[PDB]
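Let me begin by presenting the structure, written as structure tokens, before commenting on it.
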Ligand SMILES: [Cl-]
Ligand SMILES: [Cl-]
Ligand code: NA
Ligand code: NA
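Chains as they are written, first to last, in the deposited numbering: chain A, 3 to 416; chain A', 3 to 416. A prime marks a further copy of an entry chain.
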């Protein structure tokens, strides 16, 4: 049985990371802000909040809007997530030293949750005004959900596959999983992978608010997202996009790249329980964690840290606590970054994978914000109050998305 | 180096197939119709054709509309592709003998190209009339593009992963590729996989017509789709959805299932050349074919049959001819089923994978319709005139989708 530990899979390392968040456009500044206890969540100033008198009046827009970096041409021929992908793809490649890699061994896997939905809705209009020949001959390349991965693959020259997984909140983690598979099966030696997602808008707020999935603690926006806290009342949206560069350790060594961490294994399972709610028993979600350990060659006792999915919904956090127990990982130090960064559906698993890498690199876990009253049904070791410095050797990042899509990624310190 | 031939990968067999097409809701009736030279392509009677005076006035609607099988409840809580997935998923399971499988070893991978786009556009309206609290609390489960795979996984009880790849015309083939990977890596023993796509509508016709990608031979609808013919003038839309059941040969034998064919290997590459046009040299597309042979343990000389992507665009067919040469497969007997069934983006690679299986099972390739004048730049052995009966031992199904996403699937006779 091949595993990373027994050499049956090639060693795969993370060599570069990039992200834009509600705290900062600079991932190292986001990290410093997280360690300092900062929140990206604020009162929403968007006109659509007062227009609709939305029950949710809080969220985290990007600190640095993507389109402040976009000229008129890009604004007209790319969807938002394509522009985000172009921005992050170029930043990542620069952070990696702009390496010259073999295109035929270079893959791109970028997930999204909702996708380029704004250009589809926009293409109807204009046609209803000027007919079919009005429709921008660029419409096809802006409307389909693989558009962001396609842009990045074309931008960076990836000819070993350009893939887009769609699994709601787990899309960005699942993308990293498939990139890892593409390398360990021998199809690629290097891959850009992660997730992108559109900005906070009225329709997603209304759709998820109508499920009672979202916090309405509008008076104290920074205190609203309370993963695993007894007083939690749902998730908060916080915008993000994130990409990482992974490659075989041999490929990194050959080009002088310094690894930030090891990507050791990935598990993908499904609840087949409900179209939006997670299974209360946490069993299939825990088994995604177990599968990542099997492929890494690790035991539950090796796992020092879990970067929780931790959305702060009542049922979601309870399910994940059961999952962590099922996987034998309930002695791990737990961080719930959505406490500070909010939920970004298709991007957030990639963002949290980057955070897991930084936790292993720096030996420190930021505090879970607003964790003030342990929930009795949640008996987890949640890092809180101030950063916990620790000898974290191995970690699992969880992403358990709406629909029961479970992705767990196993990382190790380099 | 593991291969299927050397036992490094477990043997994987196709045990059941289902499809709905412009010829028939019954895959075996579609097959008989193809062999008889039937076309699913007709004059479009939709009001939107005359409303917009579209340049394209032809296409193939499903012979049996999905919603003729859908009650009021399903019509209101599922997107079209979710309803198609539910219909095909139930038909497939019945054709397989309704087996009781281990949920924890059962995966679902279903691709789509455009997805549940109609429910997103629909959710804006109603909110603009009655506000956020009007928005159907079922909106979330109807709007995201993983919705069809989620429905099928919940319907059939798949707990070893529920995945949705998005790669335009290659999505349905890529789904089968990822399902094969999920089994040969040990994550599942059985998987339902394929692709689904919405019906012919005005906006897709206008978007692809504006690229000059579509035939306008409106006077003779059945003669319009002419893959590899000198007089071809673009593709024709033909609706479809298709799923197959794959499982380890040991799993099939244990439950008494009779395999229809073997799924031996899958290659996924990318052109990184252009956002919609394929690379003229066919090199990366050919390498997807080569990769499928490497993983199967086959040589180009083993390939008796290629089920071409064959859209009938001028540049697409020329690129694919180069790809088949690059892969060393230009002595294979070539079929282009879009000649009779048209193009169904996210579903069509799955449909053509089913057809490849039937070709191997029955030792016969249907005629490529409208192939009357070989193109000098296309020197391929295209089956035409009447079905060619032959000793087909191994075959490759190609899907080379817009954006340069190349998927090749290697199948063998059982
Ligand atoms: Cl602590
Ligand atoms: Cl012939
Ligand atoms: Na996480
Ligand atoms: Na084909």
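Each residue gets a CB set at the ideal place from its N, CA and C atoms; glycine is no exception.
- With a threshold of 8 angstroms between beta carbons, residue 271 of chain A' makes contact with chain A.
- For residue 122 of chain A, the C-beta contacts it makes with chain A' under 9 angstroms involve 116, 119, 122, 123, 205, in order along the chain.
- For residue 155 of chain A, the chain A' residues whose C-beta falls within less than 7 angstroms of its own C-beta are 272, 274, listed in chain order.
- Along the segment 69-82 of chain A, there is no position whose C-beta sits under 8 angstroms from a C-beta of chain A'.
- Here residue 64 of chain A' carries a coil assignment [DSSP, helix/strand/coil].
- Under the three-state reduction of DSSP output, residue 108 of chain A' falls in the strand class.
- For residue 95 of chain A', no chain A residue has a C-beta closer than 9 angstroms to its own C-beta; the minimum C-beta separation is roughly 14 angstroms.
- Ranked by Cα distance from residue 363 of chain A, the options A:330, A:261, A:271, A:41 are led by A:261.
- At a cut-off of 7 angstroms, the beta-carbon of residue 228 of chain A' does not count as near ligand 2: no heavy atom of the ligand is closer than that.
- The distance from the Cβ of residue 215 of chain A to that of residue 236 of chain A is about 5 angstroms, consistent with a contact at the 8 angstroms cut-off.
- In the DSSP assignment, residue 82 of chain A' falls within the alpha helix (DSSP H) that extends over 82-97.
- In this structure, A:116 is the residue among A:116, A:221, A:218 with its C-alpha nearest to the C-alpha of residue 173 of chain A.
- Inter-segment contact for the segment 395-413 of chain A' and the segment 287-297 of chain A' is present: three or more beta-carbon pairs are separated by less than 8 angstroms.
- Look at residue 208 of chain A: its C-beta is under 8 angstroms from a C-beta on chain A'.
- DSSP, reduced to helix, strand and coil, places residue 50 of chain A' within a helical segment of the structure shown.
- Look at residue 126 of chain A' here: in three-state DSSP terms it is helix.
- For residue 160 of chain A', the chain A residues whose C-beta falls within less than 7 angstroms of its own C-beta are 272, 274, listed in chain order.
- Selection around ligand 2 by beta-carbon proximity, strictly under 6 angstroms to any non-hydrogen atom, yields A':385, A':386, A':387, A':390 in chain order.
- For residue 400 of chain A, the Cβ falls inside the 7 angstroms cut-off from some heavy atom of ligand 3.
- Residue 54 of chain A' and residue 248 of chain A have their C-alpha atoms roughly 49 angstroms apart.
- For residue 324 of chain A, the enclosing alpha helix (DSSP H) begins and ends at 316-328.
- It is roughly 5 angstroms from the alpha-carbon of residue 164 of chain A to the alpha-carbon of residue 110 of chain A.
- Contact check for residue 306 of chain A against residue 412 of chain A fails: the beta carbons are separated by 8 angstroms or more.
- Boundaries of the beta strand (DSSP E) around residue 264 of chain A': 263-272.
- The DSSP-derived three-state label of residue 231 of chain A' is strand.
- Taking C-beta separations shorter than 6 angstroms and ignoring five residues to either side along the sequence, the partners of residue 128 of chain A' in its chain run 136, following chain order.
- The DSSP-derived three-state label of residue 100 of chain A is coil.
- Here residue 238 of chain A carries a coil assignment [DSSP, helix/strand/coil].
- For the options A:388, A:74, A:13, the alpha carbon positioned closest to that of residue 190 of chain A is the one of A:13.
- In the structure shown, the three-state DSSP call for residue 28 of chain A is coil.
- Of the candidates A':148, A':231, A':206, A':358, A':206 places its Cα closest to the Cα of residue 143 of chain A.
- If you draw a straight line from the Cα of residue 385 of chain A' to the Cα of residue 309 of chain A', it is about 10 angstroms long.
- Interface annotation, residue 169 of chain A': in contact with chain A, CB-CB separation under 8 angstroms.
- Cβ-Cβ distances below 7 angstroms link residue 299 of chain A to 5, 6, 7, 8 in the same chain, with the five nearest sequence neighbours on each side left out; the list follows chain order.
- Under the three-state reduction of DSSP, residue 298 of chain A' is assigned to helix.
- Closest in alpha carbon position to residue 240 of chain A, among A:27, A:202, A:399, is A:202.
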